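Undergrad: Give me the fold of what follows.
(chains A, B, C and D, ligands or ions: 4)
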4 protein chains.
Amino acid sequence: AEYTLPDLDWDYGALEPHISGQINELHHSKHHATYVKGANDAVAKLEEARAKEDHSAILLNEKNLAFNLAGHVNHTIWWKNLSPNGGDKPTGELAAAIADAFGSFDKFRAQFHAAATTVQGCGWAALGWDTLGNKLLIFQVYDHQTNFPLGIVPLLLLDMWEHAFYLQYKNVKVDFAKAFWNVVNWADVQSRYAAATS
Amino acid sequence: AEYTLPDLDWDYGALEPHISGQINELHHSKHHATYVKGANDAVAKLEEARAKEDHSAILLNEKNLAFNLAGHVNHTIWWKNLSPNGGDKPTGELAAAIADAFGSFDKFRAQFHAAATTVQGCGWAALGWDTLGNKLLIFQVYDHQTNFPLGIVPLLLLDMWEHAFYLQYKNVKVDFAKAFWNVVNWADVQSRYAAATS
Amino acid sequence: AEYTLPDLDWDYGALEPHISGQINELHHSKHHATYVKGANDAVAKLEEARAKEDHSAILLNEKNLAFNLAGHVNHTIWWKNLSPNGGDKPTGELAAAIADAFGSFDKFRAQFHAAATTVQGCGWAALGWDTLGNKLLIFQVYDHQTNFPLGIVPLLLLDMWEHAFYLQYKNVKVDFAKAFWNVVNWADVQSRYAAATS
Amino acid sequence: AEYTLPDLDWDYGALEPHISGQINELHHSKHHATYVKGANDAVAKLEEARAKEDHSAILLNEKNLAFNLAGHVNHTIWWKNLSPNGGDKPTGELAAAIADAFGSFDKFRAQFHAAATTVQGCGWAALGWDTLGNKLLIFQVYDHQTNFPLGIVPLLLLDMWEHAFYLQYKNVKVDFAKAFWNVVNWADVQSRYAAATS
Ligand SMILES: [Fe+3]
Ligand SMILES: [Fe+3]
Ligand SMILES: [Fe+3]
Ligand SMILES: [Fe+3]
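TA: Numbers count the residues shown, from 1 in each chain, chains lettered A, B, ... in the order given. Ligands and ions are numbered 1, 2, ... in the order given. Take a look at the structure below.
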């Protein structure tokens, strides 16, 4: 069936002071909603293109599909990676994993921070699981659909687009990137890692 | 552990006339080998960057990692998607799936062909499974790591980079794209779809 | 010599209500300043790379140079394309040009608006002069350095990055894009066109 | 008027052994011809889009325009940057310039070589003149239209796409990149630099 805008497991304001409610609100209700509509439209244009046997606009239809489905997939996971009762550090299996792959939770965290704060333009920082080599790796995503291999399982993401913090942090994206660690919902990531490693 | 250059399940020449042995040879032994080395180097630079607590070159390290791990992941699957005893059409579950999502195997195939022949520069055509919406979709990949959402499971790919056919088809990439249907190994794709839908 | 942050020909607030002073301020003093420093650093890294005969990081040095020199070049022109005493329509040579190349100033303006409001991620809308074919064309720039040919002379640009309007228009980028027409400084564009056509 | 496929100032074979005639032939007659047609088509789609007051496909029309006009602009200059009677080193003003901006012709040349041999996918190496800062700089172009600022004047380019050497050098692009120095037509570059610095 169609793609749909998910419900947050919390109130927009629940993340203050780390993330203003106004942000979460426009983010969810305007930005994410827009991707979901775009993903569905893209899918429909394809059907219509397929029926008329007219792929003249294949390049645009395929690019619209990737961009919008990618924004949807990303925000879908972002809402879950966040939580008012989170913060602290990972635990158990996930933590031993992380320390074994990035030397220590602190070192993982320095890299991830680096990756999110150096994007040239808009993008995200994401931790994922590589199934080919069975390794935990950090990628620097450009926009929403660029810079990472096919089949990588996403575990944790940090939205670096300006719409994600300009209202509250203005140009100080380094601050926003630090504040994030207070709202990460480790029960989710841990969960995702468990499923990915199965 | 490290990433490694896989072995082909066939002899380089096994695909003639559809795909010259000389191609398969340079492709596997030179191009793919290069990605695998690059993927391992990228991974190491990260470790070294992590130890020195020096992420000054984060952008390059992350981009090298995505590009090379992506070429590796892609060729890894390409070798399996090919077979001297393939061709024909998909069967069973996969075929009903394909006809249900693209109207008919013929229509799927017209779209896929369109997607591979219109790349602007180098890229690939790929069929993948979207887990968010549980749908079969075709994407037009740019280079190796661009244009598609995170977490998409790759099922079938068609290498559109010039190195994949210039020696034999020269600039006639439309011909190469047609010849491909004779060597697709449907037992593999079908297999992948089965695992993806589980 | 080095690259330097130019002075605005006006006060930050001079564009209200169309463009808030707070924006112009962070935009000029934080964002643009950052590109200028980055452009100079990029240039230096190259010298140092050239002296040591060590181009191991060529890809990053070249990408840093393009990104930062491009942001600098872009904002440099943006400040000039804006003016408190502007608005209205182009005049003389430029206007006949524009109507002859886009049918009418109104049609040019519909296209330009379309180009700026559909960027996927961050970018700009720019009108430039193609010297090869001697034509006026509109391009949709991605980020700061992507999507247009070498040697194109830039005449007018509209910054579509979120930092350019999020504080005041929030996610309503369509509004910001309309408000812009009130502050365009046609004496500048006209001037640039004159020099480009010489 | 329309865009047109230029005539070479030489015979396809004139560059052997450095560059096979077969290459120059398919390159000029197939590849470049394709960009020119594409550039004209893109321009027409815009007119038609403008008349119907229907910019639904703005993103594709603008991307087709940039890609094809960019390939055209690039090959246009490549044919001129090449010559059977070239090679050697730059002379006069251009040479003092080059040594002053890259330390020495040898150092310029090491950088340029680095830039062309590390492209991730398809692209070019280009020397251009920055008018904002009045400096000679080397850029690493991705595809044909990406990675460099607006208004940069192109002086010399080296086509790194696989179609530019696969037939003769196969995957050994490092060799092709070396062979190029024997056919550079310095009278052209010098000329371009003169006009750019005016
Ligand atoms: Fe976002
Ligand atoms: Fe390949
Ligand atoms: Fe800006
Ligand atoms: Fe070429």
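Undergrad: Do I have it right that residue A:63 meets residue B:146?
TA: No - here residue A:63 does not reach residue B:146: they are 10.2 Å apart, not a contact under Cβ atoms under 8 Å. In this view, the C-beta of every residue, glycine as well, is placed from N, C-alpha and C.
Undergrad: any common contacting residues for the two?
TA: Contact criterion Cβ atoms under 8 Å, 6 or more residues apart in numbering or on different chains; no residue bridges residue A:63 and residue B:146 by contacting each.
Undergrad: how much space between residue A:43 and chain C?
TA: Summarising the geometry, the distance separating residue A:43 from chain C, computed by Cβ to the nearest Cβ, to the nearest Å, is 17 Å.
Undergrad: go on, residue A:12?
TA: The spacing between residue A:12 and chain C, counted by Cβ to the nearest Cβ, is 14 Å.
Undergrad: do residue A:155 as well
TA: Distance check for residue A:155 against chain C: by Cβ to the nearest Cβ, it reads 23 Å.
Undergrad: In three-state terms, label that residue for me.
TA: Reducing the assignment to helix, strand or coil with DSSP: H, G, I helix; E, B strand; the rest coil, the entry for residue A:155 is strand.
Undergrad: Tell me which other helices or strands the host helix or strand of residue A:127 touches.
TA: Residue A:127 belongs to strand A:123-130 when assigned by DSSP states H and E. Contacts of strand A:123-130 with other secondary structure elements, assessed using 3 or more Cβ pairs under 8 Å, 6 or more residues apart in numbering or on different chains; DSSP states H and E, are made with helix A:105-117, strand A:135-142, strand A:152-159, helix A:186-196.
Undergrad: Tabulate the ones you listed (JSON lines), appending distance to chain D.
TA: Written out in JSON lines, the entries for those read as follows (distance: least, Cβ to the nearest Cβ, whole Å):
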{"stretch": "helix A:105-117", "distance to chain D": "18"}
{"stretch": "strand A:135-142", "distance to chain D": "12"}
{"stretch": "strand A:152-159", "distance to chain D": "18"}
{"stretch": "helix A:186-196", "distance to chain D": "27"}
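Undergrad: For residue B:21, find the nearest of these.
TA: If you check each of the helices and strands packed on strand A:123-130 against residue B:21 by Cβ to Cβ, strand A:152-159 wins as the nearest, at 32.4 Å.
Undergrad: Name the surrounding residues that touch that closest one.
TA: Contacts of strand A:152-159 from elsewhere in the structure, counted by Cβ under 8 Å, 6+ apart, are A:73-75, A:77-78, A:81, A:112, A:116, A:124-131, A:136-137, A:139, A:141, A:177, A:180, A:184, A:189, A:192-193, A:196, B:150-151.
Undergrad: Mind giving me the PyMOL select for the residues you listed, buried ones only?
TA: The PyMOL selection below is limited to those of the contacts of strand A:152-159 classed as buried (16 or more other Cβ atoms under 10 Å in any protein chain shown):
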select buried, (chain A and resi 73+74+75+77+78+81+112+116+124+125+126+127+128+129+130+136+137+139+141+177+180+184+189+192+193+196) or (chain B and resi 150+151)
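Undergrad: What lies in contact with the strand holding residue A:127?
TA: The contact list for strand A:123-130, computed with Cβ under 8 Å, 6+ apart, reads A:74, A:108, A:112-113, A:115-116, A:119, A:135-144, A:146-149, A:152-161, A:177, A:189, A:193, A:196-197, B:69, B:150.
Undergrad: List the strands paired with it, with their directions.
TA: The strands that strand A:123-130 pairs with in its sheet are strand A:135-142 (antiparallel), strand A:152-159 (antiparallel) (by DSSP bridges).
Undergrad: So the lengthiest helix in chain A, near chain C or not?
TA: Longest helix of chain A, by residue count under DSSP state H: helix A:58-81. Yes - using Cβ under 8 Å from any Cβ of the partner chain, we find that helix A:58-81 touches chain C at A:63, A:67.
Undergrad: As PDB, could you dump the C-alpha coordinates of stretch A:176-183?
TA: Listed next in PDB are the C-alpha coordinates belonging to stretch A:176-183 (Å, rounded to 0.1, in the frame of the first residue of the first chain):
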ATOM      1  CA  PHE A 176      23.100  20.900  17.800                       C
ATOM      2  CA  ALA A 177      25.300  17.900  17.000                       C
ATOM      3  CA  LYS A 178      26.400  17.700  20.700                       C
ATOM      4  CA  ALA A 179      22.900  18.200  22.100                       C
ATOM      5  CA  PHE A 180      21.800  15.200  20.100                       C
ATOM      6  CA  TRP A 181      23.600  12.700  22.300                       C
ATOM      7  CA  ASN A 182      21.200  13.600  25.100                       C
ATOM      8  CA  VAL A 183      18.200  12.400  23.200                       C
END
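Undergrad: Measure how buried residue A:51 is and give me the count.
TA: Residue crowding around residue A:51 was assessed by other Cβ atoms under 10 Å in any protein chain shown; the count is 10.
Undergrad: Not counting sequence-adjacent ones, nearest residue to it?
TA: Of all residues not flanking residue A:51 in the chain, residue B:103 sits nearest, at 7.3 Å (Cβ to Cβ, 6 or more residues apart in numbering or on different chains).
Undergrad: Check residue A:149 too.
TA: Distances taken as Cβ to Cβ, 6+ apart place residue B:70 nearest to residue A:149, at 4.1 Å, with adjacent residues excluded.
Undergrad: what's the spacing between the one you found and ligand 4?
TA: Residue B:70 sits 23 Å away from ligand 4, taking Cβ to the ion, to the nearest Å as the criterion.
Undergrad: residues contacting that residue?
TA: Contacts here follow Cβ under 8 Å, 6+ apart; on that basis residue B:70 touches A:148-150, B:143-145.
Undergrad: Good, wrapping up.
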